[PDB]
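A look at the structure
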Amino acid sequence: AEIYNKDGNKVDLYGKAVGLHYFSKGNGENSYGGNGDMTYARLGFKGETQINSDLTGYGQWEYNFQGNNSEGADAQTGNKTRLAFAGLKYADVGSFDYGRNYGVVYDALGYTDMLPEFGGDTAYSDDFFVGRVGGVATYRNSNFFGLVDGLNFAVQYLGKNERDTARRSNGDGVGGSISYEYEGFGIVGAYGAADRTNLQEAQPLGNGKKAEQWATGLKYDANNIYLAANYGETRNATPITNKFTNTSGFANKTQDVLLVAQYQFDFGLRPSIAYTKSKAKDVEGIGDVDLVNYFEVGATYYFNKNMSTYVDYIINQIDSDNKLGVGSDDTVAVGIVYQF
Amino acid sequence: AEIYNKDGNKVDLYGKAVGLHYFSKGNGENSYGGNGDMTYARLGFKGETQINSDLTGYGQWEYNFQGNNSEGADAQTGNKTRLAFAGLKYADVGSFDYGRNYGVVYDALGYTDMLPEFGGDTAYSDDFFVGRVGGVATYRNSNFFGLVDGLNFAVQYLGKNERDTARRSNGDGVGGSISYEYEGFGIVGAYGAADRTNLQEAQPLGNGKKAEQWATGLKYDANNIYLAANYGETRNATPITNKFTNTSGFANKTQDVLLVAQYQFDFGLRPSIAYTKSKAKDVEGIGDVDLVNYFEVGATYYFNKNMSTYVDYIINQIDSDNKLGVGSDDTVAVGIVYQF
Amino acid sequence: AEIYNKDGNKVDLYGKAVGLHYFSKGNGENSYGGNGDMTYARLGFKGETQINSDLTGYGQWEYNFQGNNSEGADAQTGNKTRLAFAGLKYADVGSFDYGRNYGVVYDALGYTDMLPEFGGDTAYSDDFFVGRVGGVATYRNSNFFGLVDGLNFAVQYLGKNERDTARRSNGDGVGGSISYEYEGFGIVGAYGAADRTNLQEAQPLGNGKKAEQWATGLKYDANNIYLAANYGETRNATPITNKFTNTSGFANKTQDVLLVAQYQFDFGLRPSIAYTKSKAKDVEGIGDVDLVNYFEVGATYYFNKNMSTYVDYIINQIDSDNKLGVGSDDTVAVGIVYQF
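Residues numbered from 1 in each chain as written, not as in the entry; some residues may be left out. Chains lettered and ligands numbered in written order. Heavy atoms only, no water.

The PDB entry lists chain A under the name Outer membrane protein F, with Escherichia coli given as the organism. Its PDB record names the entry "Structure of OmpF porin". Quoted verbatim from the Subcellular location field of the UniProt record, the comment on chain A reads "Cell outer membrane". Recorded in UniProt for chain A, the comment headed Sequence similarities runs: "Belongs to the Gram-negative porin family." (UniProt positions renumbered as here; feature names shortened; annotations may be inferred.)

Shown next, in the form of structure tokens:
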């Protein structure tokens, strides 16, 4: 809820407070979700300030404090900055902006990502055009420039990023996406591509110079029915591992699915049903491994706009068998969740 | 300040600004406080949303950014999360909530924590049940389901928390507290007990399958006079070191008292007097030591609901010839502090 | 924006969202600024309770989150608290604070510190009196005790400060500043000094017992016309490297000049001309070398008070022979800034 609003400005402070606990055989260290205390928080700020009838200045910055760390050594673990950027909206010319934000592929993935906690597997962090990424930028368009209603696209070039490290960096890119909601129904596509950096293709798991995430989906957000599914392949991006040869970096080829359905019940029950299989094909000396397979089952409960709590659980589809090592065990998290 | 209060979910964004500096002898390291700059700040938010008549939902977070650090290598010593939790309160059934909050036995330990900077020595953090600790479920209740004004309770489970460090872990616990307030007068005590996990156990100092901390407090609040002292012992919970042999871990046995007399003047002076004795028994090969011995003189002065400042002072009863080597040296704090 | 206000207490929640990019020849390592993504944000707060007519308590804080980071290894990088302090004002007795705050000398440097992005090259941090230190005790006075208009002074005692980084330390100082602004024009000096900690004497570079930076500046800020120029030197003060030999520490002797002039057109463009020359003297064996040289050209384009953006261009007057290693290159900066 917006908490300053003078002068044709409005700074919205927003955040949450999540008591989360995971549950899985032992430390889980090898079920799909893990296990133990998983409690975090959110504190960020949406700002906007039209500089007049058609133009809009704005920025936003959402950080992440973790609630599970001691008050010593490691109090800084998994503290990050999720989003941060500047922008301008200008009539039906459209919008633009730059800083760390959601690659554009996300535009797709989004549809299937709403489990109460888990799901959203396809889309990693810093995976190039599919996650939240460091300096990228975007143009978004508003019903073909206002000409025809509901169909907005965008497009995005993704800056040089030779960070520390393997699964973190990324050479360059264009990328975009076109998209269309028809009262209730809705259909989306998105694709992108970019240089990898030599730290990359010099990893042991990796044959590419240039890779592509593309991805699509049909959703039906209406009347408390939500139906959404995605299919989406990749090329030299999903990042993988081999706790066995313990080696790392990237999976040449992969296919992706996601299914999800939720019904938003009458007093705020809103259980949820979900599917989801990410196979890598052609892993060097592995043939084919499922980086992730599960049905899901669970629900959020909406005390209102501010509170909820949920129970969410993952019936796990890989098994011990599994070529690279994705832990096999189910994991079920329960958590509670205030938010202003 | 409460900065946002709406559709029945208020949010109070809160903190301070704390110009602090210790003075100890020559160099302090062999004092009980430190020496030089201590300055720090405080950001955090409680919010509570009214689901409705007898259902309030609230959350809360509180971080703390040290101010004494440089803007390079280190500007990170000290920041931590202090607090993140979440939950609900039901007219007369009690509460509940979960995350990183206080273990029960502070309900009692607290009373004696009221010195303007020091005092409150027995409540380490991540000490199981006595300081803030992570992953705790905290059921409270009040006036015995509304039945007996002033008579309060609580129970709580303490998570399996395998961090890396010895001094910072904790197998699992229950524990709680009973408390009763009568026209100035406060009676409390509480008690808990949890496994150590093997890594705790495998410390040179440290003998037991089982830790238990407990404690009690009797006090007088009211009429511009604070009167309160505290007593409690420990089973294998109180962390200690041996700077001589750089030996680390815990103390089979301790016994502690806290003693505060304080008084709030018509013009916003409020001096504050203090004892603080924490003896260890059975530290392997040392036998008995005093972890903490002091009287503390010092006072606070309250420009108003927003400002304050003060000078707190510890008269060290430890001495040089102390078997673990607790610092013998008097230490003297001087604080000024805004705070919304 | 000020978000809160009743009862003497006003608080002011404030920040921005700076989306940045550097452009510098090829790999940026030999430029003045770097090159790539740079997108950071600010979060902070000013607070001030009037405890009466004459007396005022404030506190305030300011932290610098970065956005050029993944959300993994490094999420923590180049992040600080810059400012944290508090204290009291008094009709014309004056004023006072402790915490981490700007040093006296800045008060003159603060006049040339204006480039949309670069400039102010002389005010390192954690450099004794020239930028932000931590543990400083500042006294300010207004309109010479209300007596004399625009004449204000201020002495600052500067903390024992022995950190890790050689070049983040400092023994103790005092210092100040008379500042005199007369209808249109502004003319001010500051100086101070103090000891160096030993890890400081120790570096191969810099011969000193005792440091001192002074500086003055002059300006005409009035009418959509800003010119300032600054000049000043330092004893065993400005922090310098020898990328060749890789050695560290301090420039025996340095000399420093700042030249800015910008103009404020009334649809809101406001172009800036910039120049800056810093030169070490007597650097142990390297003797006379160049610490920063360039002419700068760029402009800021306000949308309103709350938005804006700018480009800043460093035309770099160093060259490749440069005894110390100073990159010789130009850099350019695009920026889009929102701020509330």
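Back to the write-up after that little detour.
Of the transformation superimposing chain A on chain B, the axial component is 0.0 Å and the angular component is 120 degrees, with the fit at an RMSD of 0.5 Å. One copy is carried onto the other by what is essentially a three-fold rotation axis. The position closest to the rotation axis in chain A is occupied by the C-alpha of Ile3 of chain A, lying 4.3 Å away. When you check the interface residues of chain A against chain B, a mere 11% turn up at the interface there too, and the two sides of the contact use different surfaces. (Least-squares fit on C-alpha atoms. Contact = heavy atoms within 4.5 Å.)

Residue and element names in this part refer to chain C. In this sheet, strand β21 (residues 309-316) lies alongside strand β20 (residues 290-301) in antiparallel orientation, the contact comprising eight bridges. The partner of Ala299 across the bridge, within β21, is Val311. Note that β21 and strand β22 (residues 331-339) share six bridges and pair antiparallel. Each residue of the ladder has a partner; that of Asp312, found in β22, is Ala333. (Pairing = 2+ DSSP bridges. Helix = DSSP H or I, 4+ residues; strand = E, 2+ residues; numbered from the N terminus.)

To continue, consider the interface of chain C and chain A. The partner chain A presents 42 residues to the 36 residues of chain C that form the contact. Taken together, both faces of the contact between chain C and chain A bury some 2900 Å²; the carbon and sulfur share is 63%. Counting across the interface, chain C meets chain A through four salt bridges. With a closest N to O distance of 1.9 Å, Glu71 of chain C and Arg100 of chain A form a salt bridge. On the surface where chain C and chain A come into contact, there are 14 residue pairs in polar contact. Among the elements of the structure, β1 (2-6), β2 (9-24), β3 (36-37), β4 (40-50), β5 (55-66) and β22 of chain C are those that each provide at least two residues to the side of chain C that touches chain A. Considering each element in turn, the side of chain C that touches chain A owes the most residues, six residues, to β2 of chain C. (Buried area = accessible area lost by both parts, 1.4 Å probe. Salt bridge = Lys/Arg side-chain N within 4 Å of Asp/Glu carboxyl O. Polar contact = N/O pair within 3.5 Å; in protein donor to acceptor, adjacent residues only side chain to side chain.)

Residue and element names in this part refer to chain A. Tracing the backbone through its elements, the reader meets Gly208 in the loop between α2 (198-201) and β11 (210-219). With relative accessibility at 12%, the residue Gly208 sits in the buried group. Separated by 82 residues in sequence, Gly208 and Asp126 have C-alpha atoms that sit 18 Å apart. Those residues in contact with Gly208 that sit more than four places away from it in its chain are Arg196, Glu201, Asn236 and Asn252. (Buried < 20%, exposed > 50% of the residue type's maximum accessible area, 1.4 Å probe, protein only.)

Bringing the pattern of salt bridges into the picture now. As enumerated under the stated definition, the model contains 41 salt bridges over all chains in all. For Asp290 of chain A, the salt bridge goes to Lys279 of chain A, with nearest N and O atoms at 3.6 Å. Note that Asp290 of chain A is positioned in strand β17 (residues 287-301) and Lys279 of chain A in strand β16 (residues 269-283), a separation of eleven residues in sequence. A residue is classified by how much of its surface remains accessible, and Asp290 of chain A, at 26% relative accessible area, is partly exposed. Residue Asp126 of chain B pairs with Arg100 of chain B through a salt bridge whose shortest N-O separation is 3.1 Å. Of the two residues, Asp126 of chain B is situated in the loop between α1 (106-109) and β9 (136-141) and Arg100 of chain B in strand β8 (residues 97-100); the sequence distance between them amounts to 26 residues. Like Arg100 of chain B, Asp126 of chain B is buried. One network of salt bridges, in which partners are shared, links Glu71 of chain B together with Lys80, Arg100, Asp126, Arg132 and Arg168 of chain C.

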